[PDB]
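K.L.:
I'd like to ask some things about the structure below.
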Amino acid sequence: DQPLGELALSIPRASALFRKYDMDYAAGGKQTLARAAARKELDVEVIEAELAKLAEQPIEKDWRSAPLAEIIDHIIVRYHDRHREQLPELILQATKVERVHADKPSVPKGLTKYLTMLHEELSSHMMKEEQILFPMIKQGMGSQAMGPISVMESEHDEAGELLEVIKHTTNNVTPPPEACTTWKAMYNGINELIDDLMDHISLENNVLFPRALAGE
Amino acid sequence: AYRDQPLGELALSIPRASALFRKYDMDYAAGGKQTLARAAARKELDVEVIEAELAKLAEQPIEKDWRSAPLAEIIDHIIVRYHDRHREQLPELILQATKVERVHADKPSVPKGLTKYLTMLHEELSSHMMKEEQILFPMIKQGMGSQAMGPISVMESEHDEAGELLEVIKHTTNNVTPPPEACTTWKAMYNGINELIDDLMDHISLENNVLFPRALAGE
Ligand SMILES: [Mn+2]
Ligand SMILES: [Mn+2]
Ligand SMILES: [Mn+2]
Ligand SMILES: [Mn+2]
Ligand SMILES: [O]
Ligand SMILES: [O]
């Protein structure tokens, strides 16, 4: 089988399939499609059949072979800037939901705290990438960046841990029947954030970082 | 159609239907009044397949139908089959969880907090069963079950708290699924935990869905 990261970046809409299977293609892009079943000891034939047909048409944009400088500029505008705009909004929405629906049992109590931890750590994380690691790659020094890259990958792991908690506090971002408009819309935004953040980390761990280290 | 019957009645009439609902995480014990239809819709599950699985299991009658048994025999059965077993099994699980949380402290999948939650369950369950054995079960055996709305509602409320802890224990243990690196002690403990959950849900089911309502109805 091929690596998770290789398939997610080469087959359109394979990203969401892996996310709903609890398959870590971002920080666990190391993982091959085979061992992914080991976690759940579940069918691989279905996943290969789905993937084979999902690949009817080429990918909208193959970043695997794109210049590293363009990958960087793409990450800044498509993921970093979006994260900075979304998380302050989600924090406020979670505040409103945890107060307005405090008396209900299905309310995701603690979501604001966990979203806030993610915002603080992700902001610092992205500031470090944009001010230290990305410039160093643009100057052609990626081959000497094991240290900084390993620090970012460690922080990627931390963020993934927080994502798992957030997914638990919200029953895998599934609104209960009591969900109002604010509540449902917040969960939609939360799913959007998780989708973007896994594709974001995936692109970094599975393309930008290894290619930089290899001297591209 | 089975989908229109209450969970509790299905569990009490179809052999091993209890295990099918535990596989689907359907609460037939404290939520046995809930119909299979509403329970399956709540979890976005194909109810027609569940009905086929039930019809298969229902090819065979229940080995022992407690729904029509004398209340005194239900009580004596509960005490020996569930209460006495819970008392022997929780102390063993507490010590095993202690050994596992120490020995495998350095591993990621270790069920941190399992000993605390097992202990809370044991404490609340112990006092719960004593209050049943000393207060509620005697009054039902005396023919006063129709005057036991109060005590039964207190027992049912405590059944709900117990279910809350069971849900905590299940999350701490990845739904009682050992990781690949699980040793023998770790695997055997999770087996015991599943046995406890199985028994306690059949235990609570028998009380909420048979003993309590029939006692209140004057049987
Ligand atoms: Mn980044
Ligand atoms: Mn990053
Ligand atoms: Mn009891
Ligand atoms: Mn009881
Ligand atoms: O990032
Ligand atoms: O019980």
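Nothing in this text is a laboratory measurement; each read-out follows from the coordinates by a stated rule. Backbone-built Cβ (ideal geometry, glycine too); neighbour counts: all protein chains shown.
K.L.:
Going by what's in this entry, would B:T177 be described as surrounded by fewer than 20 Cβ atoms within 10 Å (Cβ to Cβ) and within 14 Å of chain A (Cβ to nearest Cβ)? Please lay out each step first, then the result.
P.N.:
Details: surrounded by fewer than 20 Cβ atoms within 10 Å (Cβ to Cβ): yes; within 14 Å of chain A (Cβ to nearest Cβ): yes.
Against the criterion (surrounded by fewer than 20 Cβ atoms within 10 Å (Cβ to Cβ) and within 14 Å of chain A (Cβ to nearest Cβ)), B:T177 qualifies.
K.L.:
In addition: Please count how many residues of the range A:163-174 are closer than 29 Å to A:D62 by Cα and away from every other protein chain (no Cβ under 14 Å).
P.N.:
So the answer is 1.
Listed here are the residues, each with its yes/no results for (1) more than 30 Å from B:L216 (Cβ to Cβ); (2) out of contact with any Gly (no Cβ under 7 Å at 6 or more places or on another chain); (3) crowded, with 18+ Cβ neighbours inside 10 Å.
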| position | (1), (2), (3) |
| --- | --- |
| B:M149 | no, yes, no |
| B:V154 | no, yes, no |
| B:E167 | no, yes, no |
| B:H171 | yes, yes, no |
| B:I204 | no, yes, yes |
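K.L.:
Consider A:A212 carefully, then state whether it is in contact (Cβ under 8 Å) with a residue 40 or more places away in the chain, within 16 Å of ligand 5 (Cβ to nearest atom), closer than 25 Å to B:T172 by Cβ and crowded, with 17+ Cβ neighbours inside 10 Å.
P.N.:
On the way: in contact (Cβ under 8 Å) with a residue 40 or more places away in the chain: yes; within 16 Å of ligand 5 (Cβ to nearest atom): yes; closer than 25 Å to B:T172 by Cβ: no; crowded, with 17+ Cβ neighbours inside 10 Å: yes.
Taking the combined requirement at face value, the residue does not satisfy it.
K.L.:
If you take the residues in the range B:43-83 that are on the phi < 0 side of the Ramachandran plot and within 14 Å of another protein chain (Cβ to nearest Cβ), which one is farthest from ligand 2 (Cβ to nearest atom)?
P.N.:
We begin by selecting, within the range B:43-83, every residue on the phi < 0 side of the Ramachandran plot; these are B:43, B:45-83.
Going one step further and asking which of them are within 14 Å of another protein chain (Cβ to nearest Cβ), we end up with B:43, B:45.
Numbers: B:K43: 35, B:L45: 37 Å.
Ranking the candidates gives B:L45 first.
K.L.:
On to the next question. Please give the number of the condition A:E161 fails out of (1) under 29 Å from A:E70 (Cβ atoms); (2) within 15 Å of ligand 2 (Cβ to nearest atom).
P.N.:
Only one criterion is unmet by A:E161, namely (1).
K.L.:
Would you point out which residue out of A:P105, A:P88 is farther than 24 Å from A:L193 by Cβ, more than 16 Å from ligand 3 (Cβ to nearest atom) and not aliphatic (A, V, I, L, M)? Even if it seems obvious, please write down each step before you answer.
P.N.:
On the way: A:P88 fails: farther than 24 Å from A:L193 by Cβ.
The match here is A:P105.
K.L.:
Of the conditions (1) under 30 Å from A:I132 (Cβ atoms); (2) free of Cβ contacts under 8 Å to residues at least 12 places away in the same chain; (3) not polar (S, T, N, Q), A:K20 clears all except one; give me its number.
P.N.:
(1)
K.L.:
Is at least one residue of the range A:186-201 within 13 Å of ligand 1 (Cβ to nearest atom), in contact with a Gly (Cβ under 7 Å, 6 or more places away or on another chain) and farther than 30 Å from A:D103 by Cβ? Walk me through how you get there before you give the answer.
P.N.:
Of all residues in the range A:186-201, those within 13 Å of ligand 1 (Cβ to nearest atom) come to A:196-201.
Subset that is in contact with a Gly (Cβ under 7 Å, 6 or more places away or on another chain): none.
No, the conditions are met nowhere in the range A:186-201.
K.L.:
Restricting attention to the range A:64-102, and to residues there that are not aliphatic (A, V, I, L, M) and not in a helix (DSSP H, G or I), which single residue is surrounded by the most Cβ atoms within 10 Å (Cβ to Cβ)?
P.N.:
Keep residues of the range A:64-102 that are not aliphatic (A, V, I, L, M), which gives A:64-65, A:67, A:70, A:73-74, A:78-86, A:88-89, A:93, A:95-96, A:98-99, A:101.
Now narrow it down to the ones that are not in a helix (DSSP H, G or I): A:64-65, A:67, A:101.
On the way: A:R64: 14, A:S65: 8, A:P67: 11, A:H101: 19.
Result: A:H101.
K.L.:
Next question. How many residues, within the range A:49-62, are in contact (Cβ under 8 Å) with a residue 24 or more places away in the chain and of a type in the set (D, E, K, R)?
P.N.:
Residues meeting the conditions: 3.
K.L.:
Anything in the range B:142-166 that is away from ligand 6 (no atom under 16 Å from the Cβ), part of a helix (DSSP H, G or I) and free of Cβ contacts under 8 Å to residues at least 60 places away in the same chain? List them, or say none.
P.N.:
Correct list: B:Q147, B:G150.
K.L.:
Give me the residue from the range B:180-191 that is of a type outside the set (S, T, Y) and surrounded by fewer than 17 Cβ atoms within 10 Å (Cβ to Cβ) and, out of that set, nearest to B:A72 (Cα to Cα). Walk me through it before giving the result.
P.N.:
Going residue by residue through the range B:180-191, those that are of a type outside the set (S, T, Y) are B:180-183, B:186-189, B:191.
Remaining after also requiring surrounded by fewer than 17 Cβ atoms within 10 Å (Cβ to Cβ): B:180-181, B:183, B:187-188, B:191.
Working: B:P180: 46, B:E181: 47, B:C183: 43, B:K187: 38, B:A188: 35, B:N191: 31 Å.
Selected residue: B:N191.
K.L.:
For the range A:13-63, name all the residues that are among the acidic types (D, E) and either within 19 Å of the chain's Cα centre (by Cα) or closer than 21 Å to A:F209 by Cβ (or both).
P.N.:
A:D22, A:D24, A:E60, A:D62
K.L.:
Here is a check on your reading of the model: is B:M130 at negative phi, among the aliphatic types (A, V, I, L, M) and surrounded by 12 or more Cβ atoms within 10 Å (Cβ to Cβ)? Lay out the reasoning, then the answer.
P.N.:
Details: at negative phi: yes; among the aliphatic types (A, V, I, L, M): yes; surrounded by 12 or more Cβ atoms within 10 Å (Cβ to Cβ): no.
It is false that B:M130 is at negative phi, among the aliphatic types (A, V, I, L, M) and surrounded by 12 or more Cβ atoms within 10 Å (Cβ to Cβ).
K.L.:
Just for the range B:180-199: of the residues that are in a helix (DSSP H, G or I) and of a type in the set (D, E, K, R), which one is farthest from the other protein chains (Cβ to nearest Cβ)?
P.N.:
To start, the set of residues in the range B:180-199 that are in a helix (DSSP H, G or I) comprises B:184-199.
Those still in the list that are of a type in the set (D, E, K, R) too: B:187, B:195, B:198-199.
Details: B:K187: 15, B:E195: 22, B:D198: 21, B:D199: 26 Å.
Filtering the range B:180-199 for residues that are in a helix (DSSP H, G or I) and of a type in the set (D, E, K, R), the one farthest from the other protein chains (Cβ to nearest Cβ) comes out as B:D199.
K.L.:
Mind listing just one residue for me: the one in the range B:109-141 that is in a helix (DSSP H, G or I) and without any contact (Cβ under 8 Å) to a residue 12 or more places away in the chain and, of those, farthest from B:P178 (Cα to Cα)?
P.N.:
Going residue by residue through the range B:109-141, those that are in a helix (DSSP H, G or I) are B:114-141.
Next, from what is left, pick out any that are without any contact (Cβ under 8 Å) to a residue 12 or more places away in the chain: B:116, B:123, B:127, B:130, B:134, B:138.
Numbers: B:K116: 19, B:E123: 25, B:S127: 30, B:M130: 33, B:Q134: 38, B:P138: 41 Å.
The qualifying residue farthest from B:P178 (Cα to Cα) is B:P138.
K.L.:
Turning to a different aspect of this structure: Scan the range A:175-185 and give yes if some residue there is within 15 Å of ligand 2 (Cβ to nearest atom) and touching a residue at least 40 places away in the same chain (Cβ under 8 Å), otherwise no.
P.N.:
No, every residue in the range A:175-185 fails to be within 15 Å of ligand 2 (Cβ to nearest atom) and touching a residue at least 40 places away in the same chain (Cβ under 8 Å).
K.L.:
Would you check if A:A145 is touching a helix residue (DSSP H, G or I) at 6+ places or on another chain (Cβ under 9 Å), farther than 16 Å from A:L87 by Cβ and away from chain B (no Cβ under 14 Å)? Break it down stepwise before answering.
P.N.:
On the way: touching a helix residue (DSSP H, G or I) at 6+ places or on another chain (Cβ under 9 Å): yes; farther than 16 Å from A:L87 by Cβ: yes; away from chain B (no Cβ under 14 Å): yes.
The answer is yes for A:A145.
K.L.:
So, one more: State whether one or more residues within the range B:72-82 are of a type in the set (D, E), closer than 19 Å to B:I197 by Cα and out of contact with any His (no Cβ under 8 Å at 6 or more places or on another chain).
P.N.:
Applying the first criterion (of a type in the set (D, E)) to the range B:72-82 yields B:73, B:76.
Within this subset, residues satisfying the condition of being closer than 19 Å to B:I197 by Cα are none.
No, because not a single residue in the range B:72-82 is of a type in the set (D, E), closer than 19 Å to B:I197 by Cα and out of contact with any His (no Cβ under 8 Å at 6 or more places or on another chain).
K.L.:
For residues in the range B:200-219 being of a type in the set (D, E) and not in a loop (DSSP other than H, G, I, E, B), which is nearest to B:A19 (Cα to Cα)? Even if it seems obvious, please write down each step before you answer.
P.N.:
Looking only at the range B:200-219, we keep the residues that are of a type in the set (D, E), and these are B:202, B:207, B:219.
After this cut, where a residue has to be not in a loop (DSSP other than H, G, I, E, B) as well, the list is B:202, B:207.
Details: B:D202: 10, B:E207: 18 Å.
Among residues in the range B:200-219 that are of a type in the set (D, E) and not in a loop (DSSP other than H, G, I, E, B), the one nearest to B:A19 (Cα to Cα) is B:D202.
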